[PDB]
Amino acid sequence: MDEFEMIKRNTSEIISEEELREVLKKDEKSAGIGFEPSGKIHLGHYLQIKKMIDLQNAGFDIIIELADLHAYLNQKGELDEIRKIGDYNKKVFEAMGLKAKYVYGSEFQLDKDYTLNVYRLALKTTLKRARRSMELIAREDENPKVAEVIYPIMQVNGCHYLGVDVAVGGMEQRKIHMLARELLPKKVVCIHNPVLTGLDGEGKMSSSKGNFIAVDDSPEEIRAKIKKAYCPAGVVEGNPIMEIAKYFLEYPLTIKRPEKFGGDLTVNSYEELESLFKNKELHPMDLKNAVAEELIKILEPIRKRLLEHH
């Protein structure tokens, strides 16, 4: 498991693999990601932070953008309230064990030269290309605002201004990332993580859809959320419980169940688990119990560090 495959583990795509290999050669290399401040930090965020921790462990300097101005452009409210939530998110990201530089976007995204470059990019980005890149990001609006098409080019320029070698994000960021690769003089290596399914299976996990496990949920809340979740026997695709087993749990994995249902089960890889699940050797109730208890233990240190403040 070289550093490449360590970075590559559980990503949806790397754009591009050859470029990432060149970047690994450098003594000095930086990786960046941004987050619109969120009232709750959920497993979708945690997935990203894990991936930033991998990069850090491969010798990357990590830059986290607390994207207060992007959230302002995406209709999350007033900058001061956004910035307060930004500060809470940093604490959560630190309680996740991430050592990084944290910057508020508004610290640099309003300088004369940043703005001028945003306007340069606005001359090279068609409205159609801009609106396409925001399809999975833009706040739902029957009357889309001009702010929606400023957003993607400000994120592009952020890549430029921060000078990262690698940009990380969920797959929803990939069209903004493609735009950065076409417009900017230095091509940024782009690493896209999968988009988790919502707990009810009905769509993608979102802080505004209320279908997530938050990293500071109480254990009873974790158990009740898993218990209700979409999780049909033998169905792996779009199954948020299997996604959690694949993305967050440690193997080998011991799955406790009564002797009358086969007794404790040990699986040495998520791949074995998927096999046991597909040919319906492992029942959804037992998968849920094991996933909930392991997730509880995995999230425990984070919830404890956050509760230590009170």
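In case it trips you up, residue 1 is the first one in the sequence shown, and so on.
* Got a sec? Mean C-alpha B-factor, which is higher, 127-135 or 194-202? -> The stretch with the larger average C-alpha B-factor is 194-202.
* **Between the two ranges 272-280 and 243-251, the one averaging a larger CA B factor in the entry** => It is 272-280 that shows the higher mean C-alpha B-factor.
* To do: Kindly indicate the residue among 26, 70, 45, 51 with the greatest C-alpha B-factor in the PDB record.
  => Among 26, 70, 45, 51, the PDB entry lists the largest C-alpha B-factor for 26.
* Please work out which residue in 285, 62, 66, 267 has the highest C-alpha B-factor recorded for this crystal structure. => Highest C-alpha B-factor among the listed options: 267.
* Going by what the PDB entry lists, where does residue 220 fall on CA B-factor within its chain: lowest, middle or highest third? -> For residue 220, the deposited C-alpha B-factor lands in the highest third.
* Asked: Ranked by Cα temperature factor within the chain, is residue 98 in the lowest third, the middle third or the highest third?
  -> Within its chain, residue 98 is a highest-third residue by C-alpha B-factor, going by the deposited values.
* Give the position of residue 58 by CA B-factor within its chain, expressed as the lowest, middle or highest third. => It belongs to the highest third of the chain when residues are ordered by C-alpha B-factor.
* **Assigned third (lowest, middle, highest) for the C-alpha B factor of residue 182** => For residue 182, whose C-alpha B-factor we compare with every modelled residue in the chain, the answer is the middle third.
* Please place residue 34 in the lowest, middle or highest third of its chain by C-alpha B factor as given in the entry. => Lowest third - that is where residue 34 ends up once the chain's C-alpha B-factors are sorted.
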